[PDB]
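S.K.: for now just these chains, pulled out of the complex without moving them:
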Amino acid sequence: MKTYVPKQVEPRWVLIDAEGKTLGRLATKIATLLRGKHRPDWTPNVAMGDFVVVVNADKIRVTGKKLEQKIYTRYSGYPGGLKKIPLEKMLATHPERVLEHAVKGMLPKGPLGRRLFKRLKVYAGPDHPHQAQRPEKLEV
């Protein structure tokens, strides 16, 4: 009686409202659905988590003074190339990249992890071009 492995399953699209939800918590549930660890047929070594689309990423909310005290930094490899970016500016420019950074901070690494991050699609604002994919709305 070997442990069961499922066959390949079509990923079920899932829409998620970025508005009104906390950054960390929402990113948590997003990562959870992304892994497919909501499915009884779950298996680690294969990306069978669901495709996820989010809208109103700008409409995310964050507790405390994290608007400014949270500094998304980057590194160019160049001396003094540490580019600190506060959370506010990062909202004004790339809020979708904010959620990308937060959820990517929670995914398991490795090529499976990167493909999983490909499996996610953020859209700041209320719209997205995936109606053909039938994005199932799912409150969290």
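M.R.: Done, it's in. Residues are numbered from 1 along each chain as shown, chains lettered A, B, ... in the order given.
S.K.: now for residue A:76, how many residues are close by?
M.R.: When neighbours are counted by other CB atoms under 10 Å, residue A:76 registers 9. For every residue, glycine as well, the C-beta is placed using N, CA and C.
S.K.: let me fix that: residue A:81
M.R.: 9.
S.K.: for it, which non-adjacent residue is spatially closest?
M.R.: Nearest residue to residue A:81, sequence neighbours excluded (CB to CB, 6 or more residues apart in numbering): residue A:75, at 6.1 Å.
S.K.: beta partners for the one you found?
M.R.: Beta bridges link residue A:75 to residue A:82 when assigned by DSSP bridges.
S.K.: who are the contact partners of it?
M.R.: Neighbouring residues of residue A:75 by CB atoms under 8 Å, 6 or more residues apart in numbering: A:81-83.
S.K.: closest to residue A:26 out of the residues you listed?
M.R.: For these, the minimum distance to residue A:26 (CB to CB) is 25.8 Å, reached by residue A:83.
S.K.: could you list the buried residues of the top helix by length along chain A?
M.R.: Longest helix of chain A, by residue count under DSSP state H: helix A:23-35. Neighbour-count burial for helix A:23-35, counted by 16 or more other CB atoms under 10 Å, picks out A:23, A:26-27, A:29-31, A:33-35.
S.K.: and if you look at stretch A:76-88?
M.R.: So stretch A:76-88, judged by 16+ other CB under 10 Å, has buried residues A:85-87.
S.K.: ok, for the residue nearest to the spatial centre of chain A, nearest residue in space, not its chain neighbours?
M.R.: Central residue of chain A (CA atoms, centre = their mean): residue A:103, 4.1 Å from the mean position. Spatial nearest neighbour of residue A:103, excluding adjacent residues (CB to CB, 6+ apart): residue A:27 at 4.5 Å.
S.K.: now for chain B, put it on the one above:
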Amino acid sequence: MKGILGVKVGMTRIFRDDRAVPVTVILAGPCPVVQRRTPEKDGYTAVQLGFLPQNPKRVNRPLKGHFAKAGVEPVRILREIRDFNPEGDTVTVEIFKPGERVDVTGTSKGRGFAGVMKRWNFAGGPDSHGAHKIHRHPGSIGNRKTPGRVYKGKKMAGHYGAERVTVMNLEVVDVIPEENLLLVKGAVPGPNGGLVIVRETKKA
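M.R.: So, slotting chain B in with the rest:
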């Protein structure tokens, strides 16, 4: 933002107000637009300028169709003037006027695998007092075990020039309408005959 294609014909000083104002002479026009970069079509504003004309028997079908969608004769070189919607269909030197400030973008003369002195003006080493075989080397290039590597962007040998270069805030000494020639004070990047782009200066 006004601009025009052009070619560096050479340099020369001339006399205005008892000053031998050195200028570079630049055959700019005429420049026919071939495609206008529109935001609805391309997400921004710009035009596409042909200069100089090209042999019809030396043009591929794709470009030929590109001039059929346009109306211009087949033309050798084609560039974009960002954020420039010329009402006219062939920009010429008339868009500028002598005394107007411009910025010129060209490819400086390719100096090949430039040494480190000529490329970055490193002092090199002494010529005597025992300098062993190092008269033009950069000396040290880093630090010891901490951090024990080479930072990115450390100046070294490589291709000095042969690159898109823009000198800025030049002055239109004089325009030459009949010739499509333009007179700009100072020097322009690139060799004589090397293509260039003349643009209004972004200064103020």
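S.K.: same question on the neighbour count of residue A:76, but now with chain B added
M.R.: 11 (other CB atoms under 10 Å in any protein chain shown).
S.K.: for the chain, which segments are assigned as helices?
M.R.: You didn't pick a chain, so chain A it is. Along chain A, the segments classed as helices by DSSP H run A:23-35, A:66-69, A:87-93, A:95-104, A:110-118.
S.K.: that's the wrong chain, I wanted chain B
M.R.: According to DSSP H, the helices that chain B contains are B:39-42, B:61-69, B:116-120.
S.K.: tell me which of those sits nearest to residue A:48.
M.R.: Of all the helices of chain B, helix B:39-42 sits nearest to residue A:48, with 39.9 Å by CB to CB.
S.K.: where's that closest one relative to the chain centroid, distance-wise?
M.R.: The chain centroid and the centroid of helix B:39-42 are separated by 26 Å under CA atoms, centre = their mean, to the nearest Å.
S.K.: residues contacting that helix, please?
M.R.: Helix B:39-42 is contacted from outside by residue B:45, using CB atoms under 8 Å, 6 or more residues apart in numbering or on different chains.
S.K.: any idea how far residue B:3 is from residue B:96?
M.R.: Residue B:3 is 9 Å from residue B:96, where distance means CB to CB, to the nearest Å.
S.K.: show me which residues of stretch B:155-173 are buried.
M.R.: With burial defined by 16 or more other CB atoms under 10 Å in any protein chain shown, the residues of stretch B:155-173 counted as buried are B:157, B:160-161, B:165, B:167, B:170-173.
S.K.: wait, does that stretch contact chain A?
M.R.: No - counting by CB under 8 Å from any CB of the partner chain, chain A has no neighbours in stretch B:155-173; the shortest distance is 12.2 Å.
S.K.: now the sequence for chain C, which goes on the structure above:
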Amino acid sequence: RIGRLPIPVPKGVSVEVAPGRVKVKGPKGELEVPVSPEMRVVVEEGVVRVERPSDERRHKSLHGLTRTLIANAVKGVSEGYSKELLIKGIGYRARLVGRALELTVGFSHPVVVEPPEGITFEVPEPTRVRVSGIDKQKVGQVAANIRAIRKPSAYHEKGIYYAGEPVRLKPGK
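M.R.: Next up, chain C placed on what we already have:
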């Protein structure tokens, strides 16, 4: 003794409460006060009040601030406000230029100030200027910038002074 206090609403003043914000339209004009939703607006004709839901520090704070603030607002749309300035310093004075106020207080040039929206610059003389409007904070803001232009001088009465601003300058040479 202050959120305890009742806020009279002498018409013609339309105290319009919205969720977390009031819209008061008096005779002098109109405005809106954004307000903490935690505080209730006791909308009674003639006198409106505020009911702090608890007595935490945040609720006596927000209670007093909300009450006195909205009272300032209704007094704004109902009367507007004024804040004078006694320009001093020899040869220092101003003069209204249409809406913009020119002021020359000893630079390499004059200094012109533009009234934002209601903000009017009254020039009783070149030496004294009034800046009035419905807003209480904004009068102190624009007039604040005015006094910021040529601050008081520590050694001479040579600088933009508030009306009632006590003139305390130290001795010099």
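S.K.: the neighbour count of residue A:76 with chain C there, same question as before?
M.R.: So residue A:76, with other CB under 10 Å, has 11 neighbours.
S.K.: what's near enough to touch it?
M.R.: By CB under 8 Å, 6+ apart, residue A:76 lies in contact with A:83, B:152.
S.K.: check residue C:97 too.
M.R.: The contact partners of residue C:97, by CB under 8 Å, 6+ apart, come to residue C:112.
S.K.: residue A:5 now?
M.R.: residue A:43.
S.K.: try 6 Å this time
M.R.: By CB atoms under 6 Å, 6 or more residues apart in numbering or on different chains, the contact set of residue A:5 is empty.
S.K.: now do residue B:29
M.R.: B:92-93, B:180.
S.K.: could you rerun that using 7 Å?
M.R.: Counting by CB atoms under 7 Å, 6 or more residues apart in numbering or on different chains, residue B:29 touches B:4, B:91-93, B:180.
S.K.: isn't residue B:25 right up against residue B:9?
M.R.: Yes - if you go by CB atoms under 7 Å, residue B:25 and residue B:9 touch, sitting 4.7 Å apart.
S.K.: and the two? Which one has more around it.
M.R.: Shown here are residue B:25 and residue B:9; by other CB under 10 Å, residue B:25 has more neighbours (22 against 17).
S.K.: can you give me the strands for chain C?
M.R.: Residue ranges of the strands in chain C, as given by DSSP state E, are C:7-9, C:14-18, C:21-25, C:30-34, C:40-42, C:46-51, C:81-87, C:93-97, C:100-104, C:111-113, C:120-122, C:128-133, C:160-162.
S.K.: buried sites along the longest one?
M.R.: Right, strand C:81-87. Going by neighbour count (16+ other CB under 10 Å), the buried part of strand C:81-87 is C:81, C:83-87.
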